[PDB]
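Peer 1:
2 protein chains.
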Amino acid sequence: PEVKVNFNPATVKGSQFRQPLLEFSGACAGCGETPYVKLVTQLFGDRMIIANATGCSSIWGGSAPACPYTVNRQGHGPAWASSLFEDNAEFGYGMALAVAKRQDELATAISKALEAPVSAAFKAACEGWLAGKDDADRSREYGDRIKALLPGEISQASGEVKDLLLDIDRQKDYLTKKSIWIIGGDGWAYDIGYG
Amino acid sequence: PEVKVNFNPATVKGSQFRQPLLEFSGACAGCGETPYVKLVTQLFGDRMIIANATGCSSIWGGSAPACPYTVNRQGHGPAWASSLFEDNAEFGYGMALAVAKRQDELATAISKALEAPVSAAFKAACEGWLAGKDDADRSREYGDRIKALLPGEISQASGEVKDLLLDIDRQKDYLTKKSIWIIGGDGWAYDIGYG
Ligand SMILES: Cc1ncc(C[n+]2csc(CCOP(=O)(O)OP(=O)(O)O)c2C)c(N)n1
Ligand SMILES: Cc1ncc(C[n+]2csc(CCOP(=O)(O)OP(=O)(O)O)c2C)c(N)n1
Ligand code: SF4
Ligand code: SF4
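The listed protein sequences derive, respectively, from chains A and A'. A prime marks a further copy of an entry chain. Positions 782 to 976 (PDB author numbering) are the ones given, in order, by the first sequence. Positions 782 to 976 (PDB author numbering) are the ones given, in order, by the second sequence.
1) With a cut-off of 7 Å, does the C-beta of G873 (chain A) fall near any C-beta of chain A'?
2) Return the bridge partner residues of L865 (chain A') from the DSSP annotation.
3) Would a check of beta-carbon distances place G976 (chain A') closer than 7 Å to chain A?
4) Answer yes if the stretch 830–838 of chain A' comes into contact with the stretch 907–926 of chain A', meaning at least three C-beta pairs across the two stretches below 8 Å, and no otherwise.
5) Among A':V821, A':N789, A':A808, A':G807, whose alpha-carbon lies nearest the alpha-carbon of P801 (chain A')?
6) If you run the structure through DSSP and keep just helix, strand and coil, what is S796 (chain A)?
7) Is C848 (chain A') near ligand 3, going by C-beta to nearest heavy atom under 6 Å?
8) Is it right to say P816 (chain A) is buried, meaning 16 or more other beta carbons lie within 10 angstroms of its own, or is it exposed?
9) Measuring straight from C-alpha to C-alpha, what distance separates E886 (chain A) and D915 (chain A)?
10) Here's a check: name, in chain order, each residue in its chain whose Cβ is nearer than 7 Å to the Cβ of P790 (chain A'), leaving out the five neighbours to either side.
11) Apart from the five residues just before and just after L803 (chain A'), which ones in its own chain have a Cβ nearer than 7 Å to its Cβ?
12) For the beta strand (DSSP E) containing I964 (chain A'), list its first residue and its last residue.
13) Helix, strand or coil for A912 (chain A)? Go by DSSP, reduced to three states.
14) Expressed to the nearest angstrom, what Euclidean distance is found between the alpha-carbon atoms of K958 (chain A) and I973 (chain A)?
15) Residues in the same chain with beta-carbon distance under 8 Å from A888 (chain A), minus the five sequence neighbours each way, listed in chain order, please.
16) Since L803 (chain A') sits in a beta bridge, which residues does DSSP pair it with?
17) DSSP on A870 (chain A'), reduced to helix/strand/coil?
18) Do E867 (chain A) and ligand 2 come close, with the Cβ less than 6 Å from some heavy atom?
19) Looking at C-alpha atoms only, which residue of A':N833, A':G843, A':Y971, A':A860 is the closest neighbour of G826 (chain A')?
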């Protein structure tokens with residue numbers, strides 16, 4: 782079973798107690814690429830999206846039908862996508878625009894929830910999230926309180942107030958701030974995708 | 782008529798006594814672009830090839846049926862070409878490869894001319910050109926001596942020796958070293974063509 786430990790994730794020993802979310806890929810024995818991505822998944826894999834350029838990182842990272850990126854016990858893990866060899870930077874840039882747009886729709890539904898007859902504990906977590914929606918730790922902190930209070934709050938609501946809470950529940954996957962990562966080889970970064 | 786003067790071309794006064802090879806373009810009144818290219822034509826227009834990106838410099842520089850680039854009294858002037866907006870640097874890079882290839886074919890025909898029964902004055906200019914074929918001034922100096930001696934040399938030759946001199950006459954336009962210039966706007970250089 783999982784064991785909650787307070788080892789500092791900023792150290793080598795503390796980081797390896799986190800579950801790896803990149804495992805058993807098709808890279809060569811002793812590859813110099815996969816250890817880097819594996820460490821990133823152990824630190825921020827809970828909330829990251831990957832835009833991967835075509836290359837080795839896309840061949841051992843995304844050759845059908847096997848996917849080396851996995852999830853933790855909570856079912857959360859990095860979402861992985863590879864478009865083309867030359868557009869990987871702009872591909873990931875587009876994701877950052879969209880993810881910000883999805884969080885903006887949620888913040889609007891949360892601000893409207895403040896004006897609705899909902900529980901005082903629910904209003905407390907919403908105000909805390911709006912102030913730290915762009916902070917990785919704070920958005921996870923107040924977001925989880927919102928996720929925990931939503932099912933009981935929806936049961937106690939009705940009419941258009943219930944629809945407002947149901948719209949927040951539909952977008953609760955954008956409470957936690959995401960981390961966009963654009964991964965590629967030197968051939969992509971130094972040549973075809975440098976522009 | 783043309784007046785040979787020994788004013789230093791490196792000064793402003795000396796450069797303007799050279800004939801401009803960019804005249805009467807379609808640029809705006811007081812454009813900040815055309816004065817730059819005009820000065821380049823007055824210095825090296827005798828032996829330059831232009832790879833121009835799409836933009837203002839291609840619209841006032843190459844809108845049919847009027848061409849603003851002209852020639853001097855000797856009939857020599859810049860050759861101008863525009864491929865696309867995004868490839869102008871590689872377009873001009875390809876020209877530099879080809880021009881070097883054309884000079885290489887000429888140097889082979891000149892080295893073979895040293896082994897042929899030709900005039901002593903012709904052999905003197907060929908040895909001088911081979912040593913300075915990559916120097917702008919020296920290649921023009923010894924090249925013009927070769928161009929001046931060729932018609933009399935061809936008249937005095939026969940057989941395969943005459944064919945060797947006729948092959949040099951076919952390539953005499955690559956004695957003088959060329960100057961490849963890649964002209965474009967900031968939109969080309971900073972964005973789409975920066976890679
Ligand atoms: C537009 C385009 N050009 C070329 C290719 C072929 N291609 C696939 S991967 C690759 C190079 C990978 O080198 P690098 O970016 O350094 O990644 P690495 O494999 O070294 O990790 C190339 C040229 C392609 N798929 N698409
Ligand atoms: C592939 C492509 N994209 C866009 C264009 C349209 N286009 C023509 S000129 C130009 C911009 C010119 O700006 P700049 O490079 O700064 O030159 P300037 O006109 O300022 O001298 C653009 C976007 C094109 N012709 N081709
Ligand atoms: S980068 Fe590619 S080829 Fe090189 S060791 Fe890793 S998997 Fe093998
Ligand atoms: S750059 Fe183009 S638009 Fe600007 S002054 Fe020159 S010709 Fe006119």
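Backbone N, C-alpha and C fix where the C-beta goes; we use that ideal spot for every residue, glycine too.
Peer 2: Based on what the coordinates show:
1) The residue you call residue 873 (chain A) lines up with position 92 of the first sequence. It does not; no Cβ of chain A' falls within 7 Å.
2) Looking up residue 865 (chain A') in the second sequence gives position 84. Paired residues: none, contrary to the question.
3) On the second sequence, position 195 is the one that residue 976 (chain A') refers to. Yes, contact with chain A.
4) no
5) Translated into the one-based positions of the second sequence, residue 801 (chain A') becomes position 20. Proximity to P801 (chain A') across A':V821, A':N789, A':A808, A':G807 peaks at A':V821, based on C-alpha coordinates.
6) As a first step, residue 796 (chain A) must be located in the first sequence, where it is residue number 15. Three-state DSSP puts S796 (chain A) in a helix.
7) Start at 1 with the first residue of the second sequence, and residue 848 (chain A') comes out as number 67. Remark: the C-beta of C848 (chain A') is outside contact range of ligand 3, defined as less than 6 Å to any heavy atom.
8) Residue numbering aside, residue 816 (chain A) sits at position 35 when the first sequence is read from its first letter. Result: exposed.
9) Here residue 886 (chain A) is taken as the residue at index 105 of the first sequence, counted from 1. Here residue 915 (chain A) is taken as the residue at index 134 of the first sequence, counted from 1. Cα to Cα, the separation comes out at about 14 Å.
10) Here residue 790 (chain A') corresponds to residue number 9 of the second sequence, with the count starting at 1. Excluding positions up to five away in sequence, the list reads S796, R799, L824.
11) Residue numbering aside, residue 803 (chain A') sits at position 22 when the second sequence is read from its first letter. Closer than 7 Å at Cβ, skipping near neighbours: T815, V818, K819, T822, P849, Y850.
12) Reading the second sequence from its first residue, position 183 is the one you call residue 964 (chain A'). Note, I964 (chain A'): beta strand (DSSP E), 960–964.
13) What you label residue 912 (chain A) is simply residue 131 of the first sequence in a count that begins at 1. Helix, per DSSP.
14) The residue labelled residue 958 (chain A) in the question sits at position 177 within the first sequence. The residue labelled residue 973 (chain A) in the question sits at position 192 within the first sequence. Distance between the alpha carbons of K958 (chain A) and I973 (chain A) is about 31 Å.
15) Locating residue 888 (chain A) in the first sequence gives position 107, counting from the first residue. Excluding positions up to five away in sequence, the list reads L911, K914.
16) Position 22 of the second sequence holds residue 803 (chain A'). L803 (chain A') pairs with A':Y850.
17) Counting from 1 along the second sequence, the entry for residue 870 (chain A') is found at position 89. Helix at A870 (chain A').
18) The count along the first sequence starts at 1 and reaches residue 867 (chain A) at position 86. Because no heavy atom of ligand 2 lies under 6 Å away, the Cβ of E867 (chain A) does not count as near it: no.
19) If you number the second sequence from 1, residue 826 (chain A') lands on position 45. When only C-alpha atoms are compared, the closest one is A':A860.
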